[PDB]
Every structure is written in C-alpha cells, then in structure tokens.
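>>> Got a sequence here, can you model it:
(7 chains)
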Amino acid sequence: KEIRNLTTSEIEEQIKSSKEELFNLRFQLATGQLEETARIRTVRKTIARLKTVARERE
Amino acid sequence: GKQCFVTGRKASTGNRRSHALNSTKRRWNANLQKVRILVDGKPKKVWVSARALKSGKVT
Amino acid sequence: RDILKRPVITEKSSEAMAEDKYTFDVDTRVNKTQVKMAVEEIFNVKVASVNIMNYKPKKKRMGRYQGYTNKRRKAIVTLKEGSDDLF
Amino acid sequence: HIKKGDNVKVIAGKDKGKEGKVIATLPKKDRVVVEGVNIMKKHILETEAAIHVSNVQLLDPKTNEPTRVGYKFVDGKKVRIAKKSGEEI
RNA sequence: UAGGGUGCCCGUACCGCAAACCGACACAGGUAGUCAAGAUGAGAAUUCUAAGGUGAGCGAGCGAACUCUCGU
RNA sequence: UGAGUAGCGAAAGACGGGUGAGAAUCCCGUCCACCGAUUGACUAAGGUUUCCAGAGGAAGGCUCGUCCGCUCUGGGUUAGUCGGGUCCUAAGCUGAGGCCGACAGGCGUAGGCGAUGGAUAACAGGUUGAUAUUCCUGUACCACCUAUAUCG
RNA sequence: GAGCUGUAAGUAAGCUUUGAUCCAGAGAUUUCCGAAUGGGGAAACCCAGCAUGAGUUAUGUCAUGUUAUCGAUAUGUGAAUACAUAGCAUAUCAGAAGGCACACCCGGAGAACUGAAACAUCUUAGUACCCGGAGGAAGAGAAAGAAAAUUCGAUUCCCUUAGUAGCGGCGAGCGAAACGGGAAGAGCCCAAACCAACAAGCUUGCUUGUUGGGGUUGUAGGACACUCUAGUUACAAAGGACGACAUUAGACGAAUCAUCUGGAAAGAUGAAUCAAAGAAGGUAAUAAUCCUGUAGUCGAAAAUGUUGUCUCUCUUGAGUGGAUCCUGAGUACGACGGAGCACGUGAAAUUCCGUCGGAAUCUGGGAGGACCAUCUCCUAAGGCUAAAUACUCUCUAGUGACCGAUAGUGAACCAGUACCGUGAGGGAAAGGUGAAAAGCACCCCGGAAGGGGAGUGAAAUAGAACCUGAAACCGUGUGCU
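Residues are numbered from 1 along each chain as shown, chains lettered A, B, ... in the order given. Okay, here it is:
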C-alpha cells in the first residue's frame, strides 16, 4: 500500500502489528474491555499488506 | 498371461460345437515352449512358440 | 508465539484457582512445552507447570438449523514468579 | 439514477404534485426517501417512507418543470443536462 | 566374544443388568469382568436383616356374572 | 365409524409443613414397606454431553406436574508412574524382487502391521455443584542432561 | 461515480470524492486429508531419519527443505565362474501413476429372460454388464478395387436401389452391395538394388553390424550408362521472429401533458410527439414517450485465440538406353478346428485366428462368388493423413399452439437432505400477507396462551396456523313433522 520502506522496517512492522496490537486487542475483546472493536479488522489487514509487498520483493 | 517372445503369438477364443451345433466357448492356446535364448545382457529363458523355433534362432 | 488465543474467565474453575493458576484457550496442535515457553516469552514469568485437556465439539448451538461448535483445547499454567495473565 | 440532495417532483402516487429534497437512497431496490412524501405512522410516531425512483422527476433549473436528464462530456468527465433546456443540473 | 534441572501425544465428565447400550418405545428379553457383611448352615442354598439404595409416571370406590393367580 | 369403547406395561404407601394461578403426583420431614451372591459398589464394550447450577412449562412423559434423561441460558473432563503410542509379537492381513494368469488380478519370499498374551517407575489423606493414583499437602520411584579402565 | 461492511432482521464499531462497496484481466496467499508418495493407518491422525537454523548453562521442544515404487540414464558397477556379467549403491528427469461426461469412439471377453404361440439349431444379440486405450472426435484411407462402357480412379457420410438378390427346423426371422445424385477434398514417406565413410576382424571387400547419399513403381518403375538445367509446421522435416480482428468489464441512446373513478393511473375522455427504437421486464391497475431498456453507433491497461504479410527455414526437376541387379518369406497358400463376411459348411469365392506342412521372382504374383483355359483390371506380405461424420459434463445469446407446485427434474424449499439399512443402496414432504412492515402504541379479563377494543391499512374472516377457501366431517339456533 505504497509502504515503500526498508525491508528490515517491513519485518519490524510485521512483528509489531502481528502480536502486539492485535494480540492485545484479542485479549481486551475477550475480557470485556475493548470498544472500538473495528480496530481489529484494521490491524489484520495491515498485517496482510506488509506481508504481500515483502513477497513481491521476494 | 503368456505370449511368444519373438513373434506375438497368443491364445485366441472361439466356439466348440457338438454334432447338433450346440455352441460352447473355448480357447486355442499357442504352442509355447520354455527355451533359453541368447540375448546380450544375459542369456535368458523365455516362452517361444514352436513355429518360430524352426528355421532361425539362438539357443 | 501466539499459540495462546484467549484467557478463560469462568466462575469457580478459573477464579477459585487464580491465586496461582491461569487458564487459556490455546491452539489445538500445541504441546505443554510450547505453551510453557510461550507464556514465559510473552508475560516474562517463570511457569512452574502446565496441564492441558481437549474438549469435544458440542452440538448445543442449534437454531433453526442444527450444528456443532468448535473443538477447543484449554491449558492451565501454574506460575513460580509473577502474575496478571488474564484481567 | 437520482442522487440525494436533489430537488425533485413526485410524478405518481398519492403525493403527486408535491416536491422535496432526496434524503436517503436505496439503490439495490430503486427506492428513494423524499422529504414530506409518504408520511407513515408506526406504533405512534410519524416518518417518511421510500418511494420507487420511477415516480419522481427532476426539476428544470430554468423553468421549474419536470424533465429527463442526459449526459454530455464538457471535458474529460460527465455532466448532467436537462432535456428541455441544456443547462447542467 | 567380533569390535541443580528436563520429561511428549490420545482417553478421562456421565449411564453401564440400564429411563442413557442391542431390542422402532422411559419396552418383564439380552449384555464380558472385579468386590462379596450378620443370625442359620455343607453352602455364593433357604428365611430375616447390614453397608447402600428403593417405593416402579394413573388413581378413588364397590366387593355382581365371567376370565386369570392363590388357600381350604 | 367402531366409542368416550380396549388399554394406561409385574410391586405399599400414610400423614404433616411448604412453594404456587393451580398439588394423590414437585421439595423437606416422621412412621411404614421392598432388595440385600443384589434393585448395593467399581469398571470393558456401546452410547456421545444424557453430567452441574440458575431459569421454563407450548410439545415429549401412556394421568398430573410448580417436576425431569425435555426447552433456554452459563459452566464442567487437568497425568513423567493409571489404559493405549514413542517396546515385543499370536492368528490374520499386506508384501520390494518373484511365480501364475484373456484383462481385471490370484498366490508368495525378505520386510511390515497386529492383542485378547509378555515387558514397563506412586502411595496415603483433603478438596468442589460438576474432575481425582490426574489438583493440593506429605512421603517416594524411574530415564535422560549439565557441573564438582569402560562400551561391547 | 456515491454510498458500504453477503443472507439476516438488530445493535456496536467503523470505512468512503485523497474515489469505499462493485464489475473485469493479471499477480500473491492457499491449513489437514486424498494417486498421497518418509514409515504406519480404523481418510482428515500417529511416529520418524538427514541438513540447516531459533531457544536453553545442557538435554527436553520448535521452524524450513528433503527422504515412497516403477522406468530410463551417467557414473562406483570389479559375484557362485578367474575375469567379466547377476546383484548392491549414488546422481538426474514437468517420465508414469490418479480423476472425470461408463455421452460419443476402437479393442478384449461376453449372457439371459424373450420369440418360434413347446424348444435342442436359429433369434433376443455380439445387445446388457465388465476390463484396457485414447481423442476432441475416433475408426477407415491413397486399389494385389469396382466392373464388363464410346470405362471409372483413396477413404468417410447421406438419399435411393430395396425389404430387392440372397441366408434359413428354407420355420420364426435375418438382409446386402455395385451403379447413380450429392457434402467434403492432403497426398505422400520408408525397405530393397547401388555410391561414399565407420570400427572389429581371419585376405580388403567388414548391410560380416553402424552412418550419410540414393530410391518408391504397373504408364511396370527403379538402380545402372547419357545430356541438361518451388516455401506449404494438419501428411509431406520441424524451432523461432512479424498488425488487423474475436472473447473476457463498459458509455451514449428519440419522444406526454391535462380531466373522471380510485388507496394508487399505465384505464376511460381530450389534445400532442418519436420511430433503423411498437422486443421485454418493473412501476401502488392495463405505459412506444416514468424507470431498466431496445434500433444505431462508440470502447479495452492486461491475458488468450485466431489470423494476413515480412523474415526464419527448406530444396536441382525432367527425357532417353537398355546387359545385368532390386522390388517387403516361415510370408502367400494348403489340410484340420473356429470366427467373420446379409451369406447357418453349403457347390462358398473375398478375410482373420491356433496347430502342422510350405511357393514364384516380371515369361513373375493376385482378382473377376467352387474349378480350368482365354481376355480385362491390379501390383499383398511396411506406415502416416485434414474435411465432410457422432455426442454434450460446460460457457454465451435465444426459442416453444412445453409444465405451472399431486404438474415440471427425485429436488421452484438451504434435497439426494429428514431419514432407513451392517452395507452396497433407497428417498420424500414443504410455494403465495400487503403496493409499502406501515408487522397492532395504548386500555381491559387472564399466571401465560388467547381474546375484546382502539389504532396502521383500500381491506385485519389480510395479524405471520397470513391470496381464494370447496367437499367429506363437527357444531349452534330455529319453520313443518
């Protein structure tokens, strides 16, 4: 999605979005503390884009 | 089943008739013989019909 | 890794033992070794032990059309130092 | 179609002859909500209800008359123009 | 004879001589194995009981003929 | 229609107090009665959520039902030592090469799979509405790893 | 080009003119099984070797790649038998495997009930089922043919001959072909005689085995001696480069207003317009002019298919002469036993199979329905090939004096499903409120169910047990008996 960043920044980004944001929101939506639930489907799709462009670079 | 090595001979199928023309299915086998013929790689023993063994072979 | 899915906050068999034991729904193809190392890598604790049990898919959820739920795997971890593994 | 924020006139129904602004649009079934048209009373509060888009006709910006709309290309894009006059609407 | 720690996967609830298994049924049938109290006795027989369970998913009257089971 | 007719599936219940719109039929209680080499306790098949708590009374229950193995909503199955795998092999099945066979394929060697049998380290007590040599307390045992001649 | 997060209603949270959702071409990802292929196996699970990497003082545990069988092929390939050659081992390979439309096609094997008013031949019938092999079609195919003329010139299909000539317990029945009129129109490459090279070998005579040239015939034609100078990748020998069309999204697209009834106008009454458009569907009723459309014209980043030219290839064609040499062998054919030809062993030609015997070489060899002689036509024992032809799992348009929910698919519905069987397998039944949910706020009896109002509606005996609502059957009231 026009991320156009250094591939190591792509790996830092997949590793940040991959657990931290998404895993935290998955715990919050279970223990009854997350509203703005639509964050989740945002982060998921972000973790797809960072992966696809890295695969395009190969 | 079996069949001649050199040529392709193999049993065929037909009828067997009585004196009243009562048909019944039967076979016609080939005259295969176990003969040790001489091909390079090794001399091997294979089925060959007695029709091919006449006039030309290695044994 | 994220081999842990959910905390399991139930009435007695998760809150009557939350003095030291913390229960999760985990992935269905993992060990207690994988979960014992995943908890220690996520929360930074020392996990004394871990017990796991499988649950079959119940056919309870039936609306106009009858169907089954998901098979699920539940893991209880006993800590040796630390806390706060489900809020 | 008829995009909202447009001043139309009701050509058929029991509201025919009135005119209002398009508020909502349901283009999967060709329904539009006009203002002040098809007032319904539900159990008791009173609202507007949808009307088939075949029934409302756009008003000429020149003579305030119901017309049809066509399309032209003034540039590298489309423009809507009335059928009676020729002005963008 | 020639030569101080680590410890995985599946089952585990419940009924199991039964209203939850095989008999279309909350059906007198069938269903492998372990345990095995007291009085009496050859005894895992017979009668009465212990540990433990149970009162059986239609009743209330009347006390005719007749059918079924039982006593003289 | 037969017709409010046949049946309602072996058997001991009685009263008191509740709850409730409604009680022979549900809950608690005292008296009585039945089994007790079994109707008691534990487990293999086999079922596969039927187990527990809070609510329900349309249908199921051969009557009733305020109740349930039924409907709704939330829960419940914890292992280094227990039964199976990471050990062994009966009977049997499968079988590289191989033999036989119109085709399909049949048989069979090395090898392999395979228990109902062989081998193999854990016991007492406590706890919940629902687990229990599994969780907890106490006391143990076995295999491997790292530290401070043997293998055959 | 303005809304959207499928059904599926509702909430909650959000995205979108800085172009969401949506449509199309291409790309990425694609868990476990399954031929399933590392080993095992009660499909969707268990247990591993090796290499490498992540973690731990260290084991334990992870992530990724690879490891089946057969075939061929290079190498190590050297036994019992010296050596070699079976084994054994390593490396390489879009090599095979399985599936599906058991619709069509070819081959192998192959019934029976039925008919004959019995049935044994014969028919049903080389049909059903089964197995192998493909292909988009297949099979056939370039005269050892048909025939009897002033001849024809591969094969395939159709019409007709013709229910003819024939076959036959000569019963029941089976049943041609040639001609002639047409669809379609591809013909060619090898083997052999001889020429030049290649090893090994006992003279060099080694197609002694290998390779390239040569050459394909009945007009007998070729070698042999002699002169003399078009491509066609669908056969012919197979690899690449070269702009127009077609498919896969789309855009524009003429012309109507008023009155009456009505809940609502498209109907009736008046006037009026368009038409290369009066097909059709929707719209509160029956619309050429309200919407979606139709006639007509325009459009394509990218993928594919087909196609034209230019390259890229390929490539000496005929006429004479005749000494002599070549022209497909355990083949043709015969006897015995079968089958196939419309043709049942018959006087049975033509053609295949198993077993035995076994020819000739252009004066040659075969056919013209036993067989012989004379005449005429042809040149087997090697192979490839497009069109006309058959069928439909599937996609794109469209049609019907086809059905209209007991019909039409078994299935208009979440059906091959409830279910039912150990299993193979069998198999239903279920449509409709209204134009728009406006789907009954509120009051009263009742524990709730259910009503009675009052409201929505054009209609509530339209209230989700929803169009209409009939007969059997079940009731309540009453006139005469």
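>>> Alongside RNA strand G, which residues does chain A contribute?
Within reach of RNA strand G by CB under 7 Å from any atom of the strand, chain A has these residues: A:35-39, A:42, A:52, A:55. In short, each C-beta sits where N, CA and C put it, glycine included.
>>> Show me which of the residues you listed are buried.
residue A:39 (16 or more other CB atoms under 10 Å in any protein chain shown).
>>> Just want the residue of chain C that's nearest RNA strand G.
residue C:33 (3.9 Å; CB to the nearest atom of the strand).
>>> can you count the residues close to that residue?
Residue C:33 has 9 neighbours, counted by other CB atoms under 10 Å in any protein chain shown.
>>> give the contact list for the closest residue to chain C within chain B.
For chain B, the residue closest to chain C is residue B:1, as judged by CB to the nearest CB, at 51.8 Å. For residue B:1, the contacting residues are B:10-11, by CB atoms under 8 Å, 6 or more residues apart in numbering or on different chains.
>>> ok so, going back, and the residue of chain C closest to RNA strand G, that one's in a helix?
Yes. Under DSSP: H, G, I helix; E, B strand; the rest coil, residue C:33 sits within a helix.
>>> Next one: it from residue D:44, what distance?
For residue C:33, the distance to residue D:44 (CB to CB, to the nearest Å) stands at 67 Å.
>>> still on that earlier bit, return the member of the residues of chain A next to RNA strand G nearest to RNA strand F.
residue A:37 (17.9 Å).
>>> and chain D, which residues reach RNA strand F?
Counting by CB under 7 Å from any atom of the strand, no residue of chain D is near RNA strand F.
>>> the strands in chain D, which residues?
Here chain D has its strands, by DSSP state E, at D:8-10, D:22-26, D:31-34, D:39-42, D:45-48, D:51-52, D:56-59, D:66-67, D:69-75, D:77-82.
>>> how about a markdown table for those strands, with mean neighbour count and distance to chain A added?
Formatted as a markdown table, those follow (neighbours: other CB atoms under 10 Å in any protein chain shown; distance: least, CB to the nearest CB, whole Å):
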| stretch | mean neighbour count | distance to chain A |
| --- | --- | --- |
| strand D:8-10 | 21 | 35 |
| strand D:22-26 | 15 | 23 |
| strand D:31-34 | 21 | 27 |
| strand D:39-42 | 9 | 31 |
| strand D:45-48 | 10 | 29 |
| strand D:51-52 | 16 | 33 |
| strand D:56-59 | 20 | 35 |
| strand D:66-67 | 18 | 43 |
| strand D:69-75 | 10 | 28 |
| strand D:77-82 | 14 | 25 |
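>>> how about those in TSV, adding distance to RNA strand E?
Converted to TSV, the strands of chain D look like this (distance: least, CB to the nearest atom of the strand, whole Å):
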stretch	distance to RNA strand E
strand D:8-10	63
strand D:22-26	50
strand D:31-34	53
strand D:39-42	45
strand D:45-48	49
strand D:51-52	55
strand D:56-59	63
strand D:66-67	71
strand D:69-75	65
strand D:77-82	62
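>>> Residue D:9 touches residue D:67, doesn't it?
No. The criterion here is CB atoms under 8 Å, and residue D:9 misses it with residue D:67 at 10.0 Å.
>>> joint contacts of those two?
D:57-59.
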